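>
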Amino acid sequence: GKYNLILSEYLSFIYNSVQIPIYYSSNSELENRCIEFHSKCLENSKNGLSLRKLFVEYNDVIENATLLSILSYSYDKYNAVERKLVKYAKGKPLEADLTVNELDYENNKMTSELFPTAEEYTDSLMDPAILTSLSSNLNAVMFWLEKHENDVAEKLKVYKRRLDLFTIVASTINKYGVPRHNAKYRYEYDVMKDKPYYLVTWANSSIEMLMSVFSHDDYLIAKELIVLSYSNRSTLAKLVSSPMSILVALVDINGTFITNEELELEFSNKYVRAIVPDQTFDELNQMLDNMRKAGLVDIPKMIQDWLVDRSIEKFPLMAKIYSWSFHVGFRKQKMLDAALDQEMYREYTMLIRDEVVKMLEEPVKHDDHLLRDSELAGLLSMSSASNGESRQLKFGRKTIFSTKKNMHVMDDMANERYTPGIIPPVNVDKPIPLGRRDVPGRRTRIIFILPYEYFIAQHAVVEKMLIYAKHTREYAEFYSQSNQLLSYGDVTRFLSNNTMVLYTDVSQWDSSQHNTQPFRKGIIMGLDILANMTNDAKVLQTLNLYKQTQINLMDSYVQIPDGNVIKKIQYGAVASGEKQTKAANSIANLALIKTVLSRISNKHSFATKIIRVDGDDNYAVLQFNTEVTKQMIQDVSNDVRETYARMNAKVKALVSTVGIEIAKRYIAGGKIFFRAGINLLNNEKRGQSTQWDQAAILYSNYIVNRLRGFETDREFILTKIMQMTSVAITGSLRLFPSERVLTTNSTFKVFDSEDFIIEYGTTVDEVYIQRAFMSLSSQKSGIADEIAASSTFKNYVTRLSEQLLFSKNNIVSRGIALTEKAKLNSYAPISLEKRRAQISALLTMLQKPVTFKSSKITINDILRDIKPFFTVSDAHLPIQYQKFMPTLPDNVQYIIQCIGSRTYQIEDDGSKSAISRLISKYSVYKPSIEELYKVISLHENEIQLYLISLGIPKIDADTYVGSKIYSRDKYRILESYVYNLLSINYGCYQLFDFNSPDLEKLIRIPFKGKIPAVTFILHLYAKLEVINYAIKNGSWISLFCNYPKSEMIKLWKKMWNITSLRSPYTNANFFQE
RNA sequence: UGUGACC
């Protein structure tokens, strides 16, 4: 409940010259007492009278009623920031060292010096792209500095380390003033021309870093990064994190977890000697020197100290730096520079061609329907993103312009222009428009925004490839339902004194031009073989059109902006934007390592324990018939880089016997680590989400970092959420939502009152509000209705339906309509109509919570039903598992030491249900977990129709609707749907083994009948309650269940009428991965 | 309609 208190200290800090608490209650009498109180407060305020008396008079409302929101009548003029900052600006401002960055515009020159005129200006290279101001970040940091002014012992030392660093930011800002943002949180020319171009963005990164400082080591790290980053905006992060790829090969393995035959983590007390050739030490030194040459002092020393003994026990500091390096910010170059950098491949292409065959051989040979109706599949999968050009579009009786793909496909069909048979050119005549990918530390990469003919032509084939990968282990990122802990265990598995692991970053090869030929050619060569495997007109065309996208891209041309002009240049590299990007890249990176290993074999003899491709890295574990020596590693390493060299691939290739480091994960000393570098106060690009949506994403980002090892003070995050979630009524009237409003599991949830613990309403008031918010979940959009009524639209839906099903529709048809009415949301005009409505709705809600006919059941009610039938009792669980993920907080790690961990994702889509597999053998349709959920619960005769209506043959549609399987699917669907509503795959829970024998011990559930649905939810509700108590208390409890039999039937019914909830918190989790 | 692919 501490949020509602911290909220007032904040407003009482920001505004000084009133606050009007607004309460509400599910109880009539108490509510009028709330209504009355509100009034008297407004009135007294509108007379400068003390509210102290009303707070006593209505002591009842303050005690039993629920805080809904807080009114903020501040009559200043959004200033304060100006004044406030001076106190902290006593240090000497920083002076940009305009000689550190190559490209001139990467140096912190004065804005004007980069853009002499307002028409030449562009924030494109510094835009924080977030819906929160720099001004407020400042306010937030001082608010905290104040609150912890009079701290003691260690807490003070945290304040002192921060008071300093914040001076740097303050001193440097005051020298130019505080940049003022506009209605869209953008920094325009007038305000930026004076201050250094990168002032704002750098402020954001420094504040975000200093607020995540605790230990003296943090302070040392923040300090450096904050100072060097004011001048270096391009090599800092790569410099500060480059060493880590060598360090992993230094720490010895003294016990680690491995993967067993059941594909699960298991402890192995073994020892593996880290063998490092001297040459490696030189490389690591050159890296330490490079860091030094760039100003770096403190950080290099830390790695040097650690280098004396290299103890996995002191390694934590190395990982801390590795994660901090990213918080410097994103490297946003100019489209042109980003794009500018861009006989022995016989073996390499032969592999790409064969691998492409293995993945479609069966699908093709058996005239797979997916491949036949590939075009239709492409249409249902179509998104609402960009097609490239802004077309003029007429809908019904309205002429509007859009770039959306879903729009262009409709308008084009309604005019005979729809022609997926013809795959448009992407050469000099029709240059490829470009997109960009920005990341911290790495250089900017460009992206192709190809026309939809390309998606449709690739969709089906790519989905068949992803399936082959799903059950192929070399494809780490696609294999089974596996998470990263399984990949972690596969490496450590064969590590012994007679084997060495070989990791490799191939991100620079995929972008190379030397690659584009063997690539496309290898695929095409494969598509040919496949074509000579069938005679199916449908299959050969879908397979033919795919061959055409590869040929059109062999010689592509790109539209690179160069100021306010769009130069067209011939691009001879494989960029990315295709449907086959990830799959093809994986196929390629794998064919690569296979080629390298095969080559080096001629010299040395080894065994291939494992080969893996995962994103932009690939790796292998080799076994030798003798013991590995520092001289053997060197020899293998040289011949590997040398092999990569003869292919003209600029790639980083290292060799060790204990660790590996790749973009997604890194294994040091037998343990697993995940870079904690998600930026908080700066975003890659601007989307279309709301501030509320962004508040949730910030918190979501907070959580992931925190689990990964980088923690930002939770009071700072809470502060930010207060700013971002507020709503202005007028210019002096600002409304701030309460803890109950922002954390309750509703459609407006932003974060969990307690980290790592998701609560569900267990009080009438909580339920009250919960039902209210839903009442106004989805809002209308005029523009959306108009277009949802237009001919071109209805014909699209209709045309899609008539192609899919045979008999009647409705369940499916009502779906295709909506799925299409939603895609119109990417269209800003509609997006904006929606928000405006949400705000007014929410504006009147946090003013006097409306009514609601309820009648809708949510996972909340199900649980609130069960709760009362469980008896708690103190229990004890000893710690038995050793820590394998060192950065985890303590309360989360404890859980894992007691109950264990898992290496998989709990099926939450229902794809493993027989019915879903049936509909896949005959239909290109894909029902969601929520549709299968409603379907499976229909009367036997209705299911038989649905199936046959989608093309499922009677012998099969009938053999199912009765079989044991059907009855089963019923349970498995609901199981999948419920695991979905409980976020068993996100946050903290995704880590925990919910089938731990140790955990099962603490759950005593006597069967008083035998009805699966009820047995399931009771056990789950118990496992969650037990784990939550442990997450909050550090101790365990045992749960006993005495749930009646007469109740189990009432429940079972509720169970099948659950409604899913949509919210910022929910969408934040999906946005994660 | 300051917007910019695959996922």
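Numbers 2 to 18, 22 to 346, 358 to 1088, taken from the deposited numbering, label the letters of the first sequence in order.
No residue lacks a Cβ here, since even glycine has one placed at the ideal position from N, Cα and C.
(1) Closest to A100 by CA distance: which of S978, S497, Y109 and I970 is it?
(2) Can you give me the Cβ contacts of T418 inside the same chain, cut-off strictly under 8 Å, excluding the 5 residues immediately before and after it?
(3) Are the CB atoms of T519 and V589 nearer to each other than 8 Å?
(4) When burial is assigned at 16 or more other CB atoms within 10 Å of the CB, is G797 buried or exposed?
(5) Using three-state DSSP, classify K336 as helix, strand or coil.
(6) Taking C-alpha atoms, which residue in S671, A635 and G450 lies nearest to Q649?
(7) Check whether the stretch 909-916 and the stretch 948-964 touch, using three or more Cβ-Cβ pairs below 8 Å as the test.
(8) Identify which residue in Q290, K795, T866 and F410 has its Cα closest to the Cα of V244.
(9) Nearest-angstrom Cα distance between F319 and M213?
(10) Which residues bound the alpha helix (DSSP H) around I602?
(11) Tell me the rounded alpha-carbon separation between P533 and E489.
(12) What residue from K199, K898, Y783 and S938 has the CA that sits closest to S870's CA?
(13) Which ranges does the alpha helix (DSSP H) cover as unbroken runs of at least 4 residues, wholly within the stretch 73-160, from first to last along the chain?
(14) Between which two residues does the beta strand (DSSP E) harbouring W1051 extend?
(15) Out of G1049, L72 and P942, point me to the one whose CA is closest to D889's CA.
(16) Please say whether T902 and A323 have beta carbons closer to each other than 8 Å?
(17) Alpha carbon to alpha carbon, how far is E593 from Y469? Give it in angstroms, no decimals.
(18) Which first and last residues belong to the beta strand (DSSP E) in which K409 is found?
(19) Run through DSSP, which three-state label would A278 get?
(20) Go ahead and pull the three-state DSSP assignment for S916.
(21) So what's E270 in DSSP terms, helix, strand or just coil?
(22) Using only the alpha-carbon positions, how far apart do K161 and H220 sit?
(23) Buried or exposed: where does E676 fall if 16 or more other Cβ atoms within 10 Å of its Cβ makes it buried?
(24) Quick check: the Cα distance between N264 and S502, rounded to an integer number of angstroms?
(25) Kindly list the residues whose CB is nearer than 7 Å to the CB of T873, restricted to its own chain and excluding five residues on each side of it in sequence; keep chain order.
(26) Which runs of the alpha helix (DSSP H) at least 4 residues long sit entirely within the stretch 795-830? Give them in chain order.
(27) Considering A660, what are the terminal residues of the alpha helix (DSSP H) in which it resides?
(28) If you draw a straight line from the alpha carbon of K1060 to that of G1024, how long is it in whole angstroms?
(29) Do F751 and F788 have their CB atoms nearer than 8 Å?
(30) Three-state secondary structure (DSSP) at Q1087?
(31) Is the beta carbon of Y909 less than 8 Å from the beta carbon of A1045?
(32) Who pairs with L449 in a beta bridge, going by DSSP?
(33) Tell me whether the stretch 451-471 and the stretch 631-642 touch, counting them as touching only if at least three CB pairs, one residue from each stretch, are closer than 8 Å.
(34) Exposed or buried, what is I539 when buried is set at 16 or more other beta-carbons lying within 10 Å of its beta-carbon?
(35) Buried or exposed: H891, going by 16 or more other Cβ atoms within 10 Å of its Cβ?
(36) When you measure from the CB of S591 to every non-hydrogen atom of the ligand NAP, does any distance come out below 7 Å?
To lay it out plainly:
(1) For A100, the nearest C-alpha among the options comes from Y109.
(2) Beyond the five residues adjoining it in sequence on each side, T418 comes within less than 8 Å, by CB distance, of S401, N402, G403, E404, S405 and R406 in the same chain, given in chain order.
(3) Cβ distance not < 8 Å, so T519 and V589 don't count as in contact.
(4) Answer is exposed; the Cβ neighbour count stays below 16.
(5) Reduced to three states, the DSSP call for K336 is coil.
(6) Distances from the alpha-carbon of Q649 to those of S671, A635 and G450 put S671 closest.
(7) Result no; under three Cβ-Cβ pairs closer than 8 Å.
(8) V244 has its Cα closest to that of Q290, out of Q290, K795, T866 and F410.
(9) Whole-angstrom Cα-Cα distance: 21 Å.
(10) Per DSSP, the unbroken alpha helix (DSSP H) holding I602 starts and ends at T596 to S616.
(11) Their backbone Cα atoms lie some 21 Å apart in a straight line.
(12) Shortest Cα-Cα distance from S870 to any of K199, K898, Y783 and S938 involves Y783.
(13) Qualifying alpha helix (DSSP H) stretches, in chain order: 85-89, 115-118 and 138-151.
(14) Note, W1051: beta strand (DSSP E), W1051 to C1056.
(15) Selected option, being the one with the closest Cα: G1049.
(16) Against a cut-off of 8 Å, the Cβ pair of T902 and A323 comes out as a contact.
(17) Each residue's Cα considered, the two are about 7 Å apart.
(18) Run containing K409: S401 to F410, per the beta strand (DSSP E) assignment.
(19) When secondary structure is reduced to three states using DSSP, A278 falls in the coil class, being assigned neither helix nor strand.
(20) Strand at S916.
(21) The answer is strand: DSSP assigns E270 an E or B state.
(22) Between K161 and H220, the C-alpha separation is close to 8 Å.
(23) When all chains shown are included, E676 counts as buried.
(24) About 12 Å.
(25) Around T873: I1073, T1074 and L1076.
(26) Restricted to the stretch 795-830, the alpha helix (DSSP H) segments that are unbroken, complete and at least 4 residues in length are 797-804 and 806-819, listed in chain order.
(27) Note, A660: alpha helix (DSSP H), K645 to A660.
(28) For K1060 and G1024, the gap between their C-alpha atoms comes out near 7 Å.
(29) No, the Cβ-Cβ distance between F751 and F788 is not below 8 Å.
(30) Helix.
(31) Their beta carbons are under 8 Å apart, which means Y909 touches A1045 by this criterion.
(32) Beta-bridge pairing by DSSP links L449 to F463.
(33) Using a Cβ-Cβ distance cut-off of 8 Å, the stretch 451-471 and the stretch 631-642 are not in contact, since fewer than three pairs of beta carbons, one from each stretch, lie closer than that value.
(34) By the neighbour-count definition (other C-beta atoms within 10 Å, threshold 16), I539 is a buried residue.
(35) Looking at its Cβ environment, which holds fewer than 16 other Cβ atoms inside 10 Å, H891 is exposed.
(36) In the structure on display, the ligand NAP does not appear, and there are no ligands present to speak of.
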